[PDB]
Amino acid sequence: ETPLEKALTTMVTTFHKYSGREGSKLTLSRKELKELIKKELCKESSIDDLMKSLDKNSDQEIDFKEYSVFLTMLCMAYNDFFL
Amino acid sequence: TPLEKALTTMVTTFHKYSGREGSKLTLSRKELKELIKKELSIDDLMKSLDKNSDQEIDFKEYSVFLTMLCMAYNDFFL
Ligand SMILES: [Ca+2]
Ligand SMILES: [Ca+2]
Ligand SMILES: [Ca+2]
Ligand SMILES: [Ca+2]
């Protein structure tokens, strides 16, 4: 309906358009995360550094809460460009 | 990239409402109540989000709101 609701909707579906390609469909592996960004945001394994930043449980996959934190970092940054 | 357009909606919506009164960088109770009603009680949500008890929602605090919503949307998606 409203652009905000449509925004939220994109965040949740985008997660699942990539998490279900391999392994648990609930978690983005390294590969799924790399496909995610490259195709949906703006690429060498500095994915590694990100993985590290986001992967709280050191299980080497990004679950949905963990992705939620990525989305936040992005918003904070989009917010500063905005000013 | 829709994702990007989504993140864009996140920040501009905040600012579409934060600069109406008081600091242009925070949402008062009134601005918050505007956001939400036009874009999707408050007292109990204020209490939830207002980490510093200053009675304004700064951008980080709004961030925690957006997360709450995604967690939810993620459920209705299952
Ligand atoms: Ca997966
Ligand atoms: Ca993890
Ligand atoms: Ca304000
Ligand atoms: Ca506050």
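All chains are named by letter (A, B, ...) in the order of the sequence lines, taking the proteins before the strands, and each is independently numbered beginning at 1. Every number for a ligand or one of its atoms is a count from 1 in the order of the listing. These numbers come from the heavy atoms of this one structure, side chains and all, not from hydrogens, waters or symmetry mates.
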Under 3.0 Å from the Ca ion (ligand 4), is there an N/O/S atom belonging to B/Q55?
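Checking the Ca ion (ligand 4) against B/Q55, no N, O or S atom falls under 3.0 Å.
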So, is B/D58 placed with an N/O/S atom under 3.0 Å from the Ca ion (ligand 4), counting both backbone and side chain?
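Looking at B/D58, which is the residue asked about, there is no N, O or S atom under 3.0 Å from the Ca ion (ligand 4).
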Plane angle bin for B/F77 and A/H16 - parallel if under 30°, tilted between 30 and 60°, otherwise perpendicular
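The rings of A/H16 and B/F77 lie parallel, inter-plane angle below 30°.
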Strictly by modelled atom types, are B/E56 and B/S28 linked by a side-chain donor-acceptor pair under 3.5 Å?
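Looking only at side-chain atoms, B/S28 and B/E56 do not form any donor-acceptor pair under 3.5 Å.
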Rounded to the nearest 10°, what angle sits at the Ca ion (ligand 3) between O of B/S23 and OE1 of B/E31?
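Approximately 160° at the metal, rounded to tens of degrees.
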To the nearest 10°, how many degrees is the angle B/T26 O to the Ca ion (ligand 3) to B/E21 O?
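It comes to 160°.
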How wide is the angle at the Ca ion (ligand 2) between OD1 of A/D59 and OD1 of A/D55, to the nearest 10°?
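The two atoms form an angle at the metal of about 80°.
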B/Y62 and its side-chain contact (heavy atoms from CB on, under 4.5 Å) partner, picked from B/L27, B/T26, B/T67, B/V11
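Of the listed options, the one satisfying the test is B/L27.
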Candidate list A/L8, A/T13, A/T10, test side-chain contact (heavy atoms from CB on, under 4.5 Å), partner B/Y73, passing option
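With B/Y73 as partner, A/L8, A/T13, A/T10 yield a single side-chain contact (heavy atoms from CB on, under 4.5 Å), made by A/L8.
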Please work out the angle at the Ca ion (ligand 4) defined by atom OE2 of B/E61 on one side and atom O of B/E56 on the other, rounded to 10°.
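Approximately 120° at the metal, rounded to tens of degrees.
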Mark yes or no for whether B/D58, through its side chain, and B/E61, through its backbone, hold a donor-acceptor pair below 3.5 Å.
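Yes.
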Between B/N74 (side chain) and B/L78 (backbone), is there a donor-acceptor pair under 3.5 Å?
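No: the side chain of B/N74 does not pair with the backbone of B/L78.
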Taking N, O or S atoms only and a limit of 3.0 Å, check whether B/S18 reaches the Ca ion (ligand 3).
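Here the distance criterion (N, O or S atom, under 3.0 Å) is met by B/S18, so yes.
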